[PDB]
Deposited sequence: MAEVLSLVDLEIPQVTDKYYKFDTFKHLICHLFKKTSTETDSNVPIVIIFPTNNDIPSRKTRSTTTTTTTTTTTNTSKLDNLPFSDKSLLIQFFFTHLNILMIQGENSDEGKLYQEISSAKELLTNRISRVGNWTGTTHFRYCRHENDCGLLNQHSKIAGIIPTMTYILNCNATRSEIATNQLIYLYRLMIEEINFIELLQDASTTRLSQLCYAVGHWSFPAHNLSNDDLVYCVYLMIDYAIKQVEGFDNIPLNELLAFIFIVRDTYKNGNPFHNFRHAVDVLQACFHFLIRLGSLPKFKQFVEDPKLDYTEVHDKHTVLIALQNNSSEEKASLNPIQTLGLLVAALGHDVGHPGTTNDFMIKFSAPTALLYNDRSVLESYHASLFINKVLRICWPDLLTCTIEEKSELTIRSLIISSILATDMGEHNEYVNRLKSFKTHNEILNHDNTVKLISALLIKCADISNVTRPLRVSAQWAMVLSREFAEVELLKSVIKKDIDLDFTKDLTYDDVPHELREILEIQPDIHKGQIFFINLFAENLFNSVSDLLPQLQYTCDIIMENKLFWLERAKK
């Protein structure tokens, strides 16, 4: 029934599937951080058994509990410290967690018929509320626990392959416009984020450089807010959007080029490496701090995404849709979580920076603005505000608009990647859409699923041919989306920012191919 993690000799075989005994709280924590390295949602309840030199290991139970509750909320944990109430709680949680469609229903609050659910499973409203109402004292204690983990956990060791060869490969992967996101593990992707954010931080003048371990801790925490079982809106998508923004900013001159940068965006990915394990560097619209703010916003722009759409949340009266009055439902959620859960604890000093010495506009506000701009329901207004701007805004609102436009472009950049990679994204987006349709049918009682089994997928094919064979008609989704959203956005942005014209070039190349096989 449950995965049991113990710091003591007690056994609870009545509810135990697999039991892990840990010598230290630090090693238990490391086990938990690695759970988001996989491609699947954790689908079993986790019981942690506590007792009735390391600072982590010697924390009072109140602080150990606070750490687990806050940093590992996503893992469906029940904490005990030495039968009927336990068994029923775990049994109920297991019944609700096993199946993907059940999990999405739980998180979104749309399958009530089927606080934390069973005291264990978090919902979007629970997490949103917890982070909005947290006291100053609680906030400072979490900051202390975070710094404690940075002090005592060597995060590079939590990646499966941190060899010199692999790290160099990732530098070159980051350098390709044909970013091979689907060939990178969630561990690989963590290092990719480090490469890009570290590179950006180094360009910011009045701003200290942050050690490898501290950046990695932050990124592990970000990864932990994405749902690994989302076929599309997962940490891979976050890093991909970050990487697209990264390329945009390099090509606009907001960041310098680096030795591993691949100049020609139309090339497919080739696996390259050398002896370097970080990016080696060689007026712009956005200055160094705005550039960093944008990249950070891209990283966090879908945090906590439950694998649905605004339309689903609105039409099925999801609690978060009710909170947000149907207005930018998921994006409001992402912005609130990213700021109040992640950045407030992990990087509070970034939130209080301003976009320039003269400006009162904070990086917090810029991040919020940019994240909110990714709502496709507001797509037309950002396009019109761009066309009005091209034909006036003060500096602050100019920075907001440019940032908004770049993050919008990055968010839907899968259609501007070279065909093969673009097709892989199309396929996983189709998987997620199919899950949403299944969830709707479950809620409407148009289908009865076996909730004792989980949804599993074969790997995304490497080659375009196999993708087209697995689902022909991929073309019509791409044609629809390019005609109604992408073409107009990238053309308009490239008119303002000529360096991004290559995006329009690739879109057309892809469109012509999709139109070809429509015939």
Q) Which ranges of the deposited chain go unmodelled, in order along the sequence? A) 53-75, 106-109, 142-155, 324-330, 440-442, 571
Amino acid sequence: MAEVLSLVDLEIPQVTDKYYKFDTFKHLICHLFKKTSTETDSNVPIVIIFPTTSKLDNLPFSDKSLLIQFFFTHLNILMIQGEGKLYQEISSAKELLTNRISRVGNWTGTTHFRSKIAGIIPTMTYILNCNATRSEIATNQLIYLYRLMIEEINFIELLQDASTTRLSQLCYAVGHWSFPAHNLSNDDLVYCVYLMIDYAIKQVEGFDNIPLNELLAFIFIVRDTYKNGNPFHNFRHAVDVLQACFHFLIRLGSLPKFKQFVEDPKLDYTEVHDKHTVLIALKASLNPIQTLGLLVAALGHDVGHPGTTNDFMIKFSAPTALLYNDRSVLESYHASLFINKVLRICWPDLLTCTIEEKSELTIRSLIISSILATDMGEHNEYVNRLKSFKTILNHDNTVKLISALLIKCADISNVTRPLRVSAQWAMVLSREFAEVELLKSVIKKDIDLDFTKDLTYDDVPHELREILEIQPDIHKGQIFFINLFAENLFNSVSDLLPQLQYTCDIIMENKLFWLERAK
From here on, numbers count along this sequence of modelled residues.
**Q.** 269-277 or 228-236, whichever carries the higher mean Cα B-factor
**A.** 269-277
Q.
Using only C-alpha atoms and the B-factors in the entry, which stretch averages higher, 131-139 or 315-323?
A. 131-139
Q. Looking at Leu372, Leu184, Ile120, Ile210, which has the highest Cα B-factor in the entry?
A. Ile210
**Q.** Candidate residues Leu86, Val342, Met196, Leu292, the one whose C-alpha B factor the record puts highest
**A.** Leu86
Q. Hey, what third does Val442 fall into on Cα B-factor, ranked over its chain?
A. lowest
Q: Using the B-factors in the PDB entry, rank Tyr457's C-alpha atom against the chain and give the third, lowest, middle or highest.
A: middle
Q) Lowest, middle or highest third of the chain for the C-alpha temperature factor of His74? A) lowest
Q: Looking at the entry's B-factor column for C-alpha atoms only, identify whether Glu263 ranks in the lowest, middle or highest third of its chain.
A: highest
Q. By its CA B factor, does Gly300 count among the lowest, middle or highest third of the modelled residues in the chain?
A. lowest
